[PDB]
Each structure stands twice: as structure tokens, then as C-alpha cells.
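Enquirer: After the C-alpha cells below, expect a handful of questions from me.
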Amino acid sequence: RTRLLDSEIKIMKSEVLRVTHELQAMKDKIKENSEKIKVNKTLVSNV
Amino acid sequence: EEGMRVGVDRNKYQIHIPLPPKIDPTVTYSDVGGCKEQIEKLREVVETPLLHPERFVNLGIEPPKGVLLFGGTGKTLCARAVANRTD
């Protein structure tokens, strides 16, 4: 069961990686999606 | 309501205080007895619903309330002979 400590370390790493994904996605998405909505809200064209 | 010149932001174009400065100024009988047959049908269609919704309602037929007129015929003069009679 000595590998349980390394598994807990890897699980904390996975939790920190999920939190970092949460940051980089949602926090940055506040800004990005908000700018997209601004362009959508604040103010039709052809390909 | 779509089709109205409404107020709208100069920058964001968000809708603002509207106004229709386009307003109302856009729209402008002894002859009873003319072309003979026309007179009776006109009289019925105009007055009988306006006066007696019984000749049809009790009859179940509907009150004649419209005319498909077609014709120096006098499409207005008929409406005015009706104006003698509508009220």
C-alpha cells in the first residue's frame, strides 16, 4: 500500500489540474465570452 | 412595434424614445334607386344586418355584410345612397 501515497499525490495533482483547467477556461472565458457578447449586444453580413 | 421609426442610440443603436412623425394626414343622397336590381341587394346587405339580425340569424344564414361589386357605374354614389341609410 506504499503506492497509496503516490496515488494521493497524483490525485491532488489531478485536482489542481482540474482547478487550473477551471481557471484557464471559466475565468478567461468571463473576459473572452463577455467581449463576444459585447460585440453581440453592444451593436449582419455575408460570407 | 416593427415598422416604426423609433429612437435608437447613435453609437450602440439601442432603442430609445420613439415617435411616429408620420401621422394622420395620409388618408382622404336622393339617388336611392339607380341601376334597379343593384338597389335591393345593396339595401339588404347594408341595412338588414345593421337593423335586423333576425332574417338570417334565426334563419341560420349569415347577415349579408359584404359586396363584390364590379362595373359610369357609380361605385361611390352607391356608397352615398347607403350613407343615406347606414345611419
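Laboratory data are not the source of any read-out in this text; all were calculated from the coordinates shown. When we count neighbours, we look across all protein chains shown, and the Cβ atoms used for this are built from the backbone with ideal geometry, even at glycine.
Enquirer: When the chain is fully extended, how far beyond the present Cα-Cα distance does A:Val16 get from A:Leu4, taking 0.36 nm per residue of separation?
Expert: Gain in length upon complete extension: 2.5 nm.
Enquirer: Once each part is reduced to its C-alpha centroid, what is the distance from chain A to the stretch B:1-44 in angstrom?
Expert: Using only Cα atoms, the two centres lie 57 Å from each other.
Enquirer: When averaged across all projection directions, what area in nm² does the alpha-carbon convex hull of chain B cover?
Expert: 10.7 nm²
Enquirer: Calculate the mean, over all residues of peptide B:6-15, of how many other protein chain Cβ atoms lie within 10 angstrom of the residue's Cβ.
Expert: 1
Enquirer: On a 23 Å Cα-Cα criterion, which of the cross-link pairs B:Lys41/B:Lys75; B:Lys36/B:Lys75; B:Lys22/B:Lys65; A:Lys36/B:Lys12 come out too long?
Expert: Among B:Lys41/B:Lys75; B:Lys36/B:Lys75; B:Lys22/B:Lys65; A:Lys36/B:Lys12, the Cα-Cα distance tops 23 Å for B:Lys22/B:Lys65.
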